[PDB]
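Take a look at this single chain in structure tokens; it is the form deposited in one PDB entry.
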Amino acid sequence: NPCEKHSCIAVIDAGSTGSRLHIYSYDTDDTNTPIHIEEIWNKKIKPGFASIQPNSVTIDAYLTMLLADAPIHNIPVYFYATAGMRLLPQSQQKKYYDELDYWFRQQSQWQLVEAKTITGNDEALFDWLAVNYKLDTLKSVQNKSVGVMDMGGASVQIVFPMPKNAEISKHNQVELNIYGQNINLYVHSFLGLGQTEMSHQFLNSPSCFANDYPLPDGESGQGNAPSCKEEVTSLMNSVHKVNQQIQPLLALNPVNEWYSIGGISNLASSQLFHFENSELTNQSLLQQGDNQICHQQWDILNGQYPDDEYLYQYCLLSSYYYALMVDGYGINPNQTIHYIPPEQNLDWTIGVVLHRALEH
């Protein structure tokens, strides 16, 4: 039992496409800040919590499945939901949390401490903490700016260092104290621009699917990634005004190294894309999507690569990552974007270990 000699907590990423339970062990330094954070248990379940029926039978089955087989008793649990839950009004969220609270009161293995929806700004802070913890950049003052992007299913987050700016909403800025240093961050989360939500506006766009892919409207795919990218850019910028919000800030506060987590890590490490050193450029991601997916014959490609359930979306998703990064955030197409390998099972929940407070 690691938890008899180290602190342990359980954090659940109740994300839009699935829930991920992690039990972390850790020690603390002389200010009671966690160090030596190690994942000692994990379990994932699909679909997203906020997609299932909020009735006792269904919620019981789902929590029972997520929380089974753990070899440690009486661990405190922090259940934190993200953008899937944030699509729902507070009265509907309440139904889920009342049922989850009841479930936890009927059992004796886990100790529920908190179950709630976090804000997108909370989620972005945790995204930056998680990646910077893994990079070992938190303990000392850095001379390089690290930006993080989390490519989720219901929202996307961008977070990067920026001094306090009295002309920007308080909600898009966080003053972080961690290991005795003060870090000021810009945070933004874009609700509805996550993969799943975005994709529901383009399912009948022939440019976004392999040739002859059967679109729901009965038309055929006719892939063309630059064209698909321009369609996604219209949602990015004509609808959400990503470019107007983000690019002036990055122009004055440039990021020196970009790291990404979320679906782009899974795409870029699939059998269909080919990148070295766990990094990509947007130029190469669009080119590979266009040649290896968009302009292929769908039945031929699907027969060649039968095991990847995201295959049919890779023309759209490569186009969409480029639209978000290059046309929305203004990142140069040749700038290196590091992505964290999916096998590391890194998500924002490491940030909760380090920093318990949430926006009030």
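If you superpose the two forms and keep the largest set of C-alpha atoms that fall within 1.5 Å, you have the rigid core. All residue numbers are counted from 1 along the displayed sequence.
The mean C-alpha temperature factor is higher for 68-76 when 190-198 and 68-76 are set side by side. Judged by mean Cα B factor in the deposited record, 104-112 ranks above the other of 206-214 and 104-112. Reading the B-factor column for the CA atoms of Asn143, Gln283, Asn237, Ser270 in the entry, the top value corresponds to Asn143.
Going by the entry's values, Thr31 shows the largest Cα B-factor out of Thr31, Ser319, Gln297, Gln335.
When the modelled residues of the chain are ordered by C-alpha B-factor, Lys241 sits in the lowest third. Per the PDB record, residue ranking by Cα B-factor puts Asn345 in the highest third of the chain.
Per-chain ranking of the deposited C-alpha B factor places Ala61 in the highest third. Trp41: CA B factor lies in the highest third for its chain, per the PDB record. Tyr133: CA B factor lies in the middle third for its chain, per the PDB record.
Beyond what is shown, the protein has a form deposited in another entry; the following relates to that form.
Core-superposed comparison between this form and the one not shown: among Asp217, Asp136, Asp101, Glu175, the single residue whose C-alpha moves by 2 Å or more is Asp101. With the core superposed, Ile337 shows a C-alpha displacement below 2 Å between this form and the one not shown. Relative to the superposed rigid core, the position of the CA of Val255 differs between this form and the one not shown by less than 2 Å. Once the rigid core is overlaid between this form and the one not shown, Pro226 does not reach a Cα shift of 2 Å, moving by less than that. Figure legend: C-alpha atoms of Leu66 and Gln313, shown here, are separated by at least 3 angstroms more in the other entry.
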